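Have a look at the structure below, then the notes.
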Amino acid sequence: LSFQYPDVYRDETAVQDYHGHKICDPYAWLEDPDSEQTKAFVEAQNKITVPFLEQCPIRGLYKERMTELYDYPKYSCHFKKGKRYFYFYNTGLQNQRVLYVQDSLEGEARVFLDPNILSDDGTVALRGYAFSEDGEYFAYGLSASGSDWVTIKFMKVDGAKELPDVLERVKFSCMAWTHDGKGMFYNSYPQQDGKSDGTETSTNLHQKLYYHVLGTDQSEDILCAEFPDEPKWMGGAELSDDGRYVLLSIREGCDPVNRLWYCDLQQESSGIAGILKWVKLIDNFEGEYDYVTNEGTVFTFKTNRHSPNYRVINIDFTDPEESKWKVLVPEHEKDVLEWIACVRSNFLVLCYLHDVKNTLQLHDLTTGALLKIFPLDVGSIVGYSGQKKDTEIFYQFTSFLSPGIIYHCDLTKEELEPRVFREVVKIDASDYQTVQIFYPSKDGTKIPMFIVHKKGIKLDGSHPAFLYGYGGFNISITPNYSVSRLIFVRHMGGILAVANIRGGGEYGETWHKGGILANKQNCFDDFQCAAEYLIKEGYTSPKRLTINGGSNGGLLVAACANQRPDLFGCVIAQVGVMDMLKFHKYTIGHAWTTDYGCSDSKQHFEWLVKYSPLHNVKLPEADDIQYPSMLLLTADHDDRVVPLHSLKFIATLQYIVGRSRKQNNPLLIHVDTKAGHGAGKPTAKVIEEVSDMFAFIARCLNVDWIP
Ligand SMILES: O=C([C@@H]1C=Cc2c(Cl)nc(OCc3ccc(F)cc3)c(=O)n21)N1CCCC1
């Protein structure tokens with residue numbers, strides 16, 4: 002190799018006992034982000050990775066092309082608040098998109114909130130916001146350096162006037178104004194020792210629900226709900242459309258279930274003055290209940306209660322027993338109800354997932370009957386606006402081969418006419436083909452996969468491929484426009500693939516349950532079978548195949564590298580969960596035990612230890628097999644998945660596998676600064692990251708640039 006791996010001390014005395022099973026953790030010390038030892042480790046690692054990537058002549062070519070092609074106007078849906086319209090817009094290469102305001106759709110827009118002026122490198126980003134019911138006041142969250150921590154600030158909308166109000170210690174928070182305009186619900190965590198900036202690893206427990214009265218200090222905020230005996234519970238508030246009820250959704254973890262309590266605000270003795278008079282309508286974690294709208298005491302919810310593909314029910318608060326609920330929109334046999342919104346008083350907009358593609362349609366609130374289908378090409382809905390009081394909808398559609406397009410429909414009209422509102427890269432979609440196939444996994448289950456490539460290629464195994472997966476947390480991986488991936492097709496001759504493996508939401512809760520807990524290994528088997536399909540069918544060959552995933556997808560590709568190193572040429576794991584025995588100890592990791600289990604349980608430990616990437620690094624038995632080239636990407640403010648996961652994993656890879664004489668493929672990490680898990684990352688950093696990724700592939704697989 003062009004470089005030498007850093008010295009990394011092994012604490013051979015570090016052992017944890019798990020129900021009698023001893024696990025050695027010689028790099029446990031990398032769990033302390035503040036030590037001189039850990040800082041020295043990160044610096045030494047970056048010092049080998051950066052020259053390796055930057056020496057690849059493809060990196061500069063890729064970066065230039067990405068900078069050119071990503072430079073196109075990006076608009077969000079318009080949305081109306083009070084008498085004004087708002088929308089986000091990026092002129093092309095701004096680090097953060099900017100919020101604009103206008104007095105009508107025809108009116109001249111002006112800047113309302115520009116996050117770019119809050120830093121010099123675009124690393125302060127918006128994270129959550131809420132307008133008051135009348136649209137005259139505005140709360141917004143700010144996150145620095147990509148941390149999940151939020152500071153909430155406030156503006157008067159008329160004149161875009163900054164207000165003094167500031168809320169600290171906010172994380173994983175609701176933002177909900179009471180319709181009297183007096184104040185806003187939000188969540189905070191109690192003060193903790195050490196840092197709260199995203200570089201700490203401290204577990205987040207005892208989240209509370211507070212109410213902030215506009216024009217007061219945070220110290221005076223009213224505590225409205227707390228769960229002293231249930232440190233993991235998190236209670237989010239929303240107001241009913243008529244302003245009468247606070248609905249509290251209590252969550253215990255990342256499971257699609259919640260308790261649902263309500264407070265009739267008219268029944269408070271003296272306004273919001275302390276713990277509210279909660280009525281515990283649904284006081285268990287057996288199902289999800291997501292508020293859509295109400296008409297008096299009849300409340301409409303999206304639910305998965307006895308309905309793994311989701312359905313719409315009405316619960317009457319005056320007769321709340323489950324036998325009495327009405328099924329407004331029954332469950333479909335295969336299509337998953339993703340979300341539903343009430344608009345124009347008595348319409349419902351329903352978004353379904355049909356074989357991993359979105360559909361959109363309009364239903365009647367009173368009967369649930371279908372009224373109108375909104376035609377879409379094959380792709381995803383990634384934005385929507387239209388509240389109960391609104392008389393129009395906007396929605397944003399995206400696909401693999403065309404950028405986002407915004408549609409508008411005036412719902413006041415007899416003849417409903419969905420029309421293009423905003424359409425914008428100077430890329431010919433006709434040069435590419437997209438297909439969806441279904442391949443059998445190990446157990447026979449058919450798994451969907453999308454494949455995108457240049458039209459007319461020969462399936463002779465000669466092409467480099469980029470195979471992406473996630474597989475968890477009920478997240479569905481649906482088509483989206485990616486300039487970075489298309490550059491790999493056009494300028495590196497590549498084939499793109501996304502495998503819709505189990506654990507995701509693509510086929511509802513049964514699909515999710517097929518990739519969790521004792522069945523987590525299904526995710527990895529599904530993904531390995533996707534690779535085998537691409538190889539058998541002649542799209543690629545193992546030495547030419549790159550796999551990529553982020554977060555739970557980082558776990559995916561890391562486990563696959565350990566289990567089938569022969570199947571892959573290159574692995575890029577972004578912000579991955581690698582220590583499956585300790586993940587629950589840090590920040591919000593406790594919430595993930597609903598998908599993974601927890602090593603505190605003897606039963607769950609036996610699942611986890613079999614696939615935990617950190618614990619399954621092993622030299623391939625066969626002399627002709629080495630590990631694939633591997634690149635781990637993380638950042639120093641990733642407080643979602645603390646970076647120790649990647650630090651410990653790369654130390655282990657370099658020691659166990661990197662020292663072997665047969666290992667010639669590099670095993671590298673890069674740890675970025677002023678960045679976190681990914682949300683809110685500035686454009687400049689996104690461009691650098693994708694350039695790093697495709698330079699790694701180019702160098703490791705010796706791929707030529709195609710001008
Ligand atoms: O980030 C996550 C998961 C997946 C989506 C998500 C969200 Cl939206 N919020 C998360 O945390 C906030 C939260 C909010 C409410 C709640 F009930 C539990 C957690 C969260 O942890 N997650 N990881 C899972 C694998 C490693 C990272």
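Counting with full-length UniProt numbering, you get residues 2 to 425, 427 to 428, 430 to 710 for the letters of the sequence shown.
No residue lacks a Cβ here, since even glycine has one placed at the ideal position from N, Cα and C.
Here's the rule I'm using: 16 or more other beta-carbon atoms within 10 Å means buried, otherwise exposed. How should residue i be labelled?
i, result
"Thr676", "exposed"
"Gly475", "buried"
"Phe398", "buried"
"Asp431", "exposed"
"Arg702", "buried"
"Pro232", "exposed"
"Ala521", "exposed"
"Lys325", "exposed"
"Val51", "exposed"
"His307", "exposed"
"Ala576", "buried"
"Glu540", "exposed"
"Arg111", "exposed"
"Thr549", "buried"
"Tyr292", "buried"
"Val125", "buried"
"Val421", "exposed"
"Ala564", "buried"
"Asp222", "buried"
"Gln531", "buried"
"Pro165", "exposed"
Excluding sequence positions up to five away, which residues of its chain have a Cβ less than 7 Å from the Cβ of residue i?
i, result
"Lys278", "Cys264, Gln268 and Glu269"
"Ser403", "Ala432 and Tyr484"
"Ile628", "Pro568 and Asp569"
"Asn205", "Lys172, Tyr190, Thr590 and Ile591"
"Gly508", "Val337, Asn477, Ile478, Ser479, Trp514 and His515"
"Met696", "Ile575"
"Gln666", "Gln629, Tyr630 and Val660"
Should residue i be listed as close to ligand 1, given that the test is whether its C-beta is under 7 Å from any heavy atom?
i, result
"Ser479", "no"
"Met495", "no"
"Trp595", "yes"
"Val580", "yes"
"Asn565", "no"
"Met235", "yes"
"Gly254", "yes"
"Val644", "yes"
"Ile519", "no"
"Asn555", "yes"
"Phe186", "no"
"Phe476", "yes"
"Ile591", "yes"
"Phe155", "no"
"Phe173", "yes"
Rounded to whole angstroms, what is the Cα-Cα separation between residue i and residue j?
i, j, result
"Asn305", "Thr513", "11 Å"
"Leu559", "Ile153", "35 Å"
"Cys410", "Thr686", "31 Å"
"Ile316", "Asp12", "58 Å"
"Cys175", "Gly236", "9 Å"
"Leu54", "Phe699", "6 Å"
"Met581", "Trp150", "23 Å"
"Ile251", "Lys585", "25 Å"
"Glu239", "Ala468", "45 Å"
"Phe453", "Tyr246", "44 Å"
"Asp626", "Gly661", "15 Å"
"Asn705", "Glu692", "19 Å"
"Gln193", "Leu119", "26 Å"
Could you check whether the Cβ of residue i sits closer than 8 Å to any Cβ belonging to chain C?
i, result
"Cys57", "Of the chains in the structure shown, none is chain C; there is only one protein chain."
Leaving out five residues on either side along the sequence, give the residues of the same chain with a beta carbon under 8 Å from the beta carbon of residue i.
i, result
"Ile659", "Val620, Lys621 and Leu622"
"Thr413", "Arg345, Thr392 and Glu393"
"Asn117", "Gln95, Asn96, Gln97, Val99 and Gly123"
Less than 6 Å between C-beta atoms, sequence neighbours within five positions excluded: which residues of the same chain meet that for residue i?
i, result
"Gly380", "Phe398, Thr399, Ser400 and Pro482"
"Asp256", "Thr597"
"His593", "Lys233 and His587"
"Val438", "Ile454"
"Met583", "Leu611 and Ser615"
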